[PDB]
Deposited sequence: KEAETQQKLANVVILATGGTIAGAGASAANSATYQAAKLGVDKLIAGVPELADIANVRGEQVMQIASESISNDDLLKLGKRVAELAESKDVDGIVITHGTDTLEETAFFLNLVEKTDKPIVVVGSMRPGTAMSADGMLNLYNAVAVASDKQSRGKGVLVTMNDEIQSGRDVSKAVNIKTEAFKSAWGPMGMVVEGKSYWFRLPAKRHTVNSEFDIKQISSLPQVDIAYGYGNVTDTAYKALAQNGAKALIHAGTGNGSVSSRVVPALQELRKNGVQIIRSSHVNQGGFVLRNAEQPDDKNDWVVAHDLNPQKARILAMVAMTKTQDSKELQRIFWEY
């Protein structure tokens, strides 16, 4: 049987009160499908995660990917920032070993609680040869989702996690069924490595909407942001009122990254709504504002060149 480690971090799947040992006891069928062992990396509500928490989780994952005693890794996590952690690990963990991030929308105490099967399915996928080299996976709602572009898109319901580019597969009675492969750079073919990463630069997000001002953009840069993800309307559109503040912030050395709150499909096109070449801005392509923040943080451990940041938004 495969050797799988579960790194627990908290979340509703642990309602964040249960320790990894009771999560494992909760799903006795795990022993039918893998030799499982757990660690408690942290116990948090994922809306409260820090950059310190990600670095600790990422270092611990790498240590396990380097052990020959570990065939696959499952991370139990809060749903609220599951997508951010999943994408982070996709960029920085240079391993073909299966990494599965999994949450639940209900606590194990609720009627029809989703955690038990989610965790069974995360271990099955963590144990499957088909998962090797696929990059980071999320195994909720009987789907295999890419950790790059899966997002918490529906509140309350168990089908919370969607990608604009579709599920890559499904998992049913412990069996993995593939229908698509990834096209963007991940894990083994990533240029980033958590091994070379000691700290993450500060990246914040400001929201675009009618009558918005430059207040959040200025205040976030004054308080440490090295890049601002603009969560614009439409195709990363920027108010004529705020454009001059973004110009001034870029000259001031802040990367201006044009994402959107248009998250079910499509992508932000360079030079369409704003003269990005002229302003030395970047477009976040299809990536939603919290995903763009992660790719921006990870990329700026390696470069501050707006041209290289654009290539990285076009490749990951």
Missing CA coverage against the deposited sequence, listed in sequence order. 1-8, 24-36
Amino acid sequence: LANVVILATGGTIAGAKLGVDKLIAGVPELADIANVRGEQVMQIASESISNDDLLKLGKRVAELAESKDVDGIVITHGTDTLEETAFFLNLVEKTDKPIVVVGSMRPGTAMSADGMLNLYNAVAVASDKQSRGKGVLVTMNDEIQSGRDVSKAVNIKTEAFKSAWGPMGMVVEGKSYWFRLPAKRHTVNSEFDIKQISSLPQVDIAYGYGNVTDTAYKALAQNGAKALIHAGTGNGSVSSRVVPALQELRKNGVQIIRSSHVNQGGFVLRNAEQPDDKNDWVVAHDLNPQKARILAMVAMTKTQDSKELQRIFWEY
From here on, numbers count along this sequence of modelled residues.
Quick test of your reading: does residue 16 have no coordinates in a third or more of the other entries compared? yes
Between 181-189 and 150-158, which has the higher average C-alpha B-factor in the PDB entry? 181-189
Comparing 95-103 with 139-147, the one whose average Cα B-factor in the PDB entry is higher: 95-103
With respect to the C-alpha temperature factors reported in the PDB entry, which of 196, 118, 233, 213 ranks highest? 196
The residue of 291, 261, 270, 59 with the maximal C-alpha B-factor according to the PDB record is 59
Of the three thirds of Cα B-factor ranks in this chain, residue 266 occupies the lowest
Where does residue 77 sit by CA temperature factor within its chain: lowest, middle or highest third? lowest
Going by the entry, which third of its chain does the Cα temperature factor of residue 285 land in? lowest
Modelled-residue ranking by C-alpha temperature factor, third containing residue 237: lowest
Among the modelled residues of its chain, the C-alpha B-factor of residue 2 falls in the third labelled highest
